[PDB]
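Colleague: Below you'll find the structure I mean.
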Amino acid sequence: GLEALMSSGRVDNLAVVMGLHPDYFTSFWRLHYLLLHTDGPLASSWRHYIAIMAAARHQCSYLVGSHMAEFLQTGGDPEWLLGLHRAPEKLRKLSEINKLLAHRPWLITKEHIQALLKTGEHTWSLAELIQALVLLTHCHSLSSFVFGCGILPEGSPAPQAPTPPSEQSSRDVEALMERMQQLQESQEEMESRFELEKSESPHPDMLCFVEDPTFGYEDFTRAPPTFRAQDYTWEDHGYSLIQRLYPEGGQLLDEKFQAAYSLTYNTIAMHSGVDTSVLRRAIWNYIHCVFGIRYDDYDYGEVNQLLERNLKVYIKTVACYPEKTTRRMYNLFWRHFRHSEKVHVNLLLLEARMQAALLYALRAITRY
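Read in order, the letters of the sequence shown are residues 66 to 220, 225 to 239, 256 to 271, 280 to 294, 308 to 328, 333 to 478 in full-length UniProt numbering.
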């Protein structure tokens, strides 16, 4: 880890936990510093208010409190913190695309984009809309990281991951490895194995920053639509679109997705020789399968073969309903795995989630 920084009291509480993995922290901090501290298309107070709205969707009083204080510090109009009905017309148009990015990103059509542009009064640029979509998705994915790892506010970095015993000098798992073995050596029931996996399945003060609370991943009126990843990948399509509209953060989103996907110590909770590229691909692909994205020649039977019953319910909670994550749930999966590796899954998860959300919104922009 980056232990001298972590144990120092001079840094953010969420940043400390992330310090366990320095290769991801490098890349995460670049985007954090670009979005919230560098000259960009939107004023510095508007960026902190977009982040409140985004984090309010999951009732995250950690991130709403940070950006509330930073909004005020950076010279934001304090009326705006009384509620969303007090912010400019430009910023309320954004809370229809925000609830979708958070909860049901597949529903983002071209009409949502059109609404945000071309009107007479204070309409959004592409330069600015792109930056706001990266802020909204960044704060949704930090919001799932905060509840997943248990990050407590400032006034014990977490109640789930104990850092002070974790810092220092000191079975069935083998089964999982064996299974990983058999996969490495190796057509119409491929699409219908994805279909089964896919359908398988308070706090008064921050309701005022959202349009429609209780909008949720779940229908409550009765499975996303199936989407071929090759139609609109990150590598080919979506990276080019962010590159042309917002040059600085296109490169830093690519390096950070690739940093969290690539990240391995080649270990499996006290075993050193494995290549676990197979396990991490499953975690990444399952979370894309929750957000409706099928990969064209990936065997989705591999998922519940490698991922426990309790890792699945944990991953799906943290990705979709991040509040109502409990410590019982965090402990109840991968019981013999090290605390740093649970954080690792939170990394893969947030980044997979973000990519899915971003890809649907960029799909809506190119179709316009």
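Beta carbons are placed, not taken as given, at the ideal position from N, Cα and C, and that holds for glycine.
Which whole-angstrom value is the C-beta distance of residue 218 and residue 126, which I expect to be below 8 Å?
Modeller: About 7 Å separates the two Cβ atoms, so the contact holds.
Colleague: Can you tell me whether DSSP reads residue 338 as helix, strand or coil?
Modeller: Three-state result, residue 338: strand.
Colleague: Assuming residue 125 is part of the alpha helix (DSSP H), what are its boundary residues?
Modeller: Careful: residue 125 lies outside any alpha helix (DSSP H) and carries neither H nor E.
Colleague: Excluding the five sequence neighbours on either side, which residues of its own chain have a C-beta within less than 8 Å of the C-beta of residue 129, listed in chain order?
Modeller: Once the five neighbours on either side are set aside, the close Cβ partners of residue 129 are 117, 120, 121, 312 and 315.
Colleague: I'd like the list of long-range same chain contacts for residue 474, defined as Cβ closer than 8 Å, with 5 residues on each side in sequence excluded.
Modeller: These residues qualify, in order along the chain: 173, 174, 175, 177 and 178.
Colleague: Just list the residues that DSSP pairs residue 403 with in beta bridges.
Modeller: 337, per the DSSP bridge assignment.
Colleague: Among the residues of its own chain, which have a CB less than 8 Å from the CB of residue 407, if the five just before and after it don't count?
Modeller: Contacts found: 283.
Colleague: Is it the case that the Cβ atoms of residue 348 and residue 356 are separated by a distance below 8 Å?
Modeller: Cβ distance not < 8 Å, so residue 348 and residue 356 don't count as in contact.
Colleague: Starting from residue 213, trace the alpha helix (DSSP H) both ways and give me its first and last residue.
Modeller: 191 to 214 is the span of the alpha helix (DSSP H), which, as asked, contains residue 213.
Colleague: Going by DSSP in three states, residue 85 sits in which element: helix, strand or coil?
Modeller: If DSSP states are grouped into helix, strand and coil, residue 85 belongs with coil.
Colleague: With distance defined between alpha-carbon atoms, name the residue in 166, 211, 436 and 293 nearest to residue 321.
Modeller: The residue with the shortest Cα to Cα distance from residue 321 is 166.
Colleague: How far does the alpha helix (DSSP H) with residue 287 in it extend, from its first residue to its last?
Modeller: Run containing residue 287: 284 to 292, per the alpha helix (DSSP H) assignment.
Colleague: Measuring alpha carbon to alpha carbon, tell me which residue in 260, 461 and 228 is nearest residue 446.
Modeller: Looking at the Cα atoms, 260 is the closest of the given residues.
Colleague: May I ask you to report which of helix, strand or coil DSSP gives residue 455?
Modeller: If DSSP states are grouped into helix, strand and coil, residue 455 belongs with the helices.
Colleague: Helix, strand or coil for residue 444, going by three-state DSSP, please let me know.
Modeller: Coil at residue 444, not helix or strand.
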